[PDB]
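Accompanying notes for the structure given below.
FYI the Cβ positions are ideal-geometry reconstructions off the backbone, even for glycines, and counts take in every protein chain you see. FYI, it's all coordinate maths here, none of it is from the lab.
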Amino acid sequence: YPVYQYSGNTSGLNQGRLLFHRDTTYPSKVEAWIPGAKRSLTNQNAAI
Amino acid sequence: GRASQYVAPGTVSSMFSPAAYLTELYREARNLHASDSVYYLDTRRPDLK
């Protein structure tokens, strides 16, 4: 269940963050592929 | 990861299994007699430990 937060707008961030909720309770590297940008954001061993 | 690992009843790995019961009985029963006694649990049954 993703949300993208932009840097600034009263909270400085390095560029911004892709926030997400996950219900998987197993550790895993979460990957968000953006096919039209050919970019992918990740988080290794993302939190429960 | 223990809290992510739940098991069915009937497995030896369950905290409520007879194995858990056995573990607790051993854990406590073994201290009922001195280690140098003929009545010591690990002397009586070395195969238990």
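With N denoting the number of residues in chain A, provide Rg(C-alpha) divided by 2.2 N^0.38 Å, to two decimal places. Please list the in-between numbers first.
On the way: Rg = 12.2 Å, N = 48, 2.2 N^0.38 = 9.6 Å.
So the Cα radius of gyration is 1.27 times the expected 2.2 N^0.38 Å.
So how far, in whole Å, is the C-alpha centre of segment A:24-41 from the one of segment B:6-49?
Measuring centre to centre over Cα atoms gives 47 Å.
Would you work out the Kirkwood radius for chain B? I mean one over the mean of 1/r across all pairs of different Cα atoms, in Å.
Numbers: mean 1/r = 0.0794 Å⁻¹.
Taking every pair of different Cα atoms in chain B, averaging 1/r and inverting gives 12.6 Å.
Net charge within 9 Å of B:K49 by Cβ-Cβ distance, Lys/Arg positive one each and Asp/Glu negative one each, not counting B:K49 itself? All intermediate terms of the calculation are to be shown ahead of the outcome.
On the way: positive: B:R30, B:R45; negative: B:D42, B:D47.
It works out to a net charge of 0.
May I ask you to derive the relative contact order of chain A, considering only C-alpha pairs under 8 Å and at least 6 residues apart, and to give it as an integer percent? Kindly include the intermediate steps, with their values, before the conclusion.
Values: 61 pairs, mean separation 14.3, N = 48.
Dividing the mean separation by the residue count of chain A yields 30 percent.
Please give the contour-minus-distance gain from B:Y39 to B:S13: 0.36 nm per residue of separation, less the Cα-Cα distance, rounded to one decimal in nm. Spell out each step's value before the answer.
Values: separation 26, 0.36 × 26 = 9.36 nm, distance 3.03 nm.
Computed gain between B:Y39 and B:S13 is 6.3 nm.
Counting only C-alpha contacts under 8 Å and six or more residues apart, can you give the relative contact order of chain B as a whole percent?
The value is 15 percent.
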